[PDB]
Structure formats: structure tokens, C-alpha cells
Amino acid sequence: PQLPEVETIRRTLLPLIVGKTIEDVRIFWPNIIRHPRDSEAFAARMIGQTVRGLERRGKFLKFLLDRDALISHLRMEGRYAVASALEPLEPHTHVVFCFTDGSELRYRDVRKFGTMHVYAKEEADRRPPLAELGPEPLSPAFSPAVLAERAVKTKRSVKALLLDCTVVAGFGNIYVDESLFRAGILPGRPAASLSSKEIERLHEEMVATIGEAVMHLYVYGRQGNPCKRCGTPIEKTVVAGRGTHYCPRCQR
DNA sequence: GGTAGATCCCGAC
DNA sequence: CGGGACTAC
Ligand SMILES: [Zn+2]
């Protein structure tokens, strides 16, 4: 799920778990647990804590408990569900939080790609994976000025820049390509080559693109198909080590 | 330090 | 091979 979907999960999941107390934590794929390193310590420490809140930073979910925070990333295919302990688990369920009321928060992931970190609340923001995370794209902290400053200092492409979690939080591959199209900027352009005008335009489209989604596609996955603005076939290449989609007429 | 690379996964070509 | 977010040049 992308940032907008994660925000939706945050909003919808909260009332389903707030105020519930953890009675057990069952782990069927220990590698998901990244901290504490020992999955048995992870499970042991959460038992007895009550869920108090649920926040989002980038694409990370931060479950707030009594003493600890659980930081969770779903990557591409991870999913949470709240359901009864009396029913069979769905396929590819890797971690289950059992509540004293007989309900469960279950983490599924066909790809087994997600991660979980638990720390005392007060430590979470200064430890991985939240440490170094850039500003929210929808916050005033993410500004043309901030973007311009990172752009001038690097030799990387503008796409590589936008994908950098330290530059801006949780801006995924799809929104990078879409924003660059809407801004009229080629993804392979050196970040430092962007004029002041292009930076302002890019920031504007990044906010608009992600903002609209939080509340169709022009290029992503549309290779070989006509651009919706000019009719030129959308092309796909590899930039910054990822599938990259663009219109060679609209973007310069 | 800045940056590319290696790392984890497995359904689907 | 597709993605997102510790190691070594
Ligand atoms: Zn076009």
C-alpha cells in the first residue's frame, strides 16, 4: 500500500484496536521482527500492554501502546485485519497480536517483505526505521525551499531524489512518476539541473498528487499507450533502479 | 559523507 | 525480476 492507503489503514484500524490489551503475540515468520532482534523478546514485551493510539509517518504505521511503540511497514503487499481468535487464519499470516477480548490483529503478507520494530515510545523517533525520515509531503515542513536545497547538493537524478526517504517521507514509485509527469519534468534529469521554477512546479504537483489521493494515472504502467494530454506513446525505462514511466513530449 | 550495491521475498511472466 | 528501506566503494 502507498502513503494514501496507509493513512486510510491508520484511520480505519484505530477504532478496531484502541483500548484492547495484548494477551499473546504469535510469530510464524521471525524475520519480520527487526527489533528486538530476538522475536521471543518482541512477543514477551508487548504482552500486557494496551493499544492507546495509531499514527502514521510516511508509509510507516506507529502503534502506540502503554510503554512501547510498534513501528510497522507493510511494503507492497502487507495487510492488517482484526478478527476473531476462533476462526482459521488467512493464508500467509506471519504475526498475530491476540487481545484479551478474544479478537486479534493479524499481519498478512504473501511476499513476507514487511518489517516490525518495537522500542520504548520515547525512543522510536530516534531509532530505525523512523530515524532520518524526511518531512511529510503534505506538511509545511516539506517546502520548495527544502526540496531545492537537497536538489542542488546531489549528483543524482530528480527521480532518485524523490525516492529518498530522507528527502520526503514515503513518496512511492508510482507518485514519483505521476508527479514528474504533471510537473513536465523528465525523471532522468539531474536533480541539480532543475530551475527554481521547475522546483516550485514539482513541489506543487507532488503535494497535489499525494493530496488528491489521500482525500487515474497519466503514465505509471501505461507504457505503449497514448499520453492522455498529448497522445504520444508513454515510454518505460529504468531510472534509479526502478520501472520508470514518462511521456517524452510532455516532460523535458 | 555521498552514493551504488547487496539484502530480503515469491507470484508471475 | 517488481518493489521499499545495511554494507562498502
Ligand atoms: Zn504527453
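In the text below, chain A, chain B and the rest are named by the order of the sequence lines, each starting its count at 1.
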| message | We want to know whether A/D109 and A/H94 form a side-chain donor-acceptor pair, criterion being a heavy-atom distance below 3.5 angstrom. | response | no
| said: Strictly below 4.0 Å: does A/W29 bring a side-chain N or O up to OP1 or OP2 of B/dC8? | reply: no
| query | Going through the checks in order, is the salt bridge (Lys or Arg N to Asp or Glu O under 4.0 Å) test met by A/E205 and A/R201? | reply | CA-CA 6 Å; A/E205 299 301 341; A/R201 177 69 178 287; 3.2 Å; yes
| said: Assuming nearest nucleotide by heavy-atom distance, tell me which of A/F113 and A/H92 is located more 5' along DNA chain B. | reply: A/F113
| Given C/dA5, B/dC9, C/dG4, the nucleotide with the shortest approach to the side chain of A/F60 | C/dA5
| said: Output the rounded distance in Å from NE2 (A/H117) to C1' (B/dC8). | reply: 13 Å
| message | Rounded to whole Å, how long is the line connecting atom CG of A/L74 with atom P of B/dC9? | response | 16 Å
| query | Do A/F142 and A/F171 make the cut of ring centroids closer than 6.0 angstrom? | reply | no
| said: The side chain of A/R111 is closest to which nucleotide in this list: C/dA5, C/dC6, C/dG3? | reply: C/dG3
| task | Please report the shortest heavy-atom distance between A/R222 and A/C227, naming the atom on each side. | result | NH1-CA, 4.1 Å
| Strictly by modelled atom types, are A/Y218 and A/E178 linked by a side-chain donor-acceptor pair under 3.5 Å? | no
| request: Give A/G172 one of three labels, base, sugar-phosphate or nothing, depending on what nucleic acid heavy atoms sit under 4.0 Å from its own. | output: sugar-phosphate
| Closest nucleotide among C/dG4, B/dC9, C/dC6 to the A/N173 side chain | C/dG4
| said: Parallel, tilted or perpendicular, judged at 30° and 60°: which one describes the rings of A/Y119 and A/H35? | reply: parallel
| query | Tell me: CD of A/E132 to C1' of B/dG1, nearest whole Å? | reply | 13 Å
| request: Using the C1' atom on both, measure B/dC10 against C/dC6 and round to a whole Å. | output: 22 Å
| query | Nearest-Å distance, CG (A/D109) to P (C/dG2)? | reply | 18 Å
| task | Calculate the interatomic distance between A/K112 atom NZ and B/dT7 atom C1'; express it in whole Å. | result | 16 Å
| said: So, applying side chain to side chain donor-acceptor pair (under 3.5 Å) with A/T244, which one of A/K159, A/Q223, A/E235, A/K236 is it? | reply: A/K159
| said: At less than 4.0 Å, is any side-chain N or O atom of A/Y220 found next to OP1 or OP2 of C/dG3? Yes or no. | reply: yes
| Neighbour stacking check for B/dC9 and B/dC10, 5.5 angstrom and 30 degree cut-offs | yes
All N/O contacts under 3.5 Å from nucleotides 2-6 of chain B to the protein, with atom names and distances to one decimal?
from: B/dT3; atom 1: OP1; to: A/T154; atom 2: OG1; distance (Å): 2.9
from: B/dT3; atom 1: OP1; to: A/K155; atom 2: N; distance (Å): 3.0
from: B/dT3; atom 1: OP2; to: A/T154; atom 2: OG1; distance (Å): 3.1

| request: Under 3.5 Å for both distances, Watson-Crick or G-U wobble, that's the pair rule; now give the dot-bracket for DNA chain B, with | marking pairs to another strand and [ ] for crossing ones. | output: ..|||.|||||..
| message | More than 12 heavy atoms of other residues, nucleotides or ligands under 6.0 Å from CZ of A/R52: yes or no? | response | yes
| request: Would you mind reading off the distance between A/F171 atom CZ and C/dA5 atom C1', rounded to a whole angstrom? | output: 17 Å
| said: I need the CE-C1' distance between A/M76 and B/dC9, as an integer number of Å. | reply: 7 Å
| request: Compare all side-chain heavy atoms of A/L61 with those of A/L54 and state whether any distance is below 4.5 angstrom. | output: yes
| field | A/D66 to A/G48 - nearest heavy-atom pair and separation | value | OD2-O, 4.1 Å
| Just how far, in rounded Å, is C1' of C/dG2 from CD of A/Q2? | 12 Å
| task | Taking only the side-chain nitrogens and oxygens of A/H73, find out if one of them lies under 4.0 Å from OP1 or OP2 of C/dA5. | result | yes
| remark: Heavy-atom nearest nucleotide on DNA chain B taken for A/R34 and for A/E77; more 5' hit belongs to A/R34
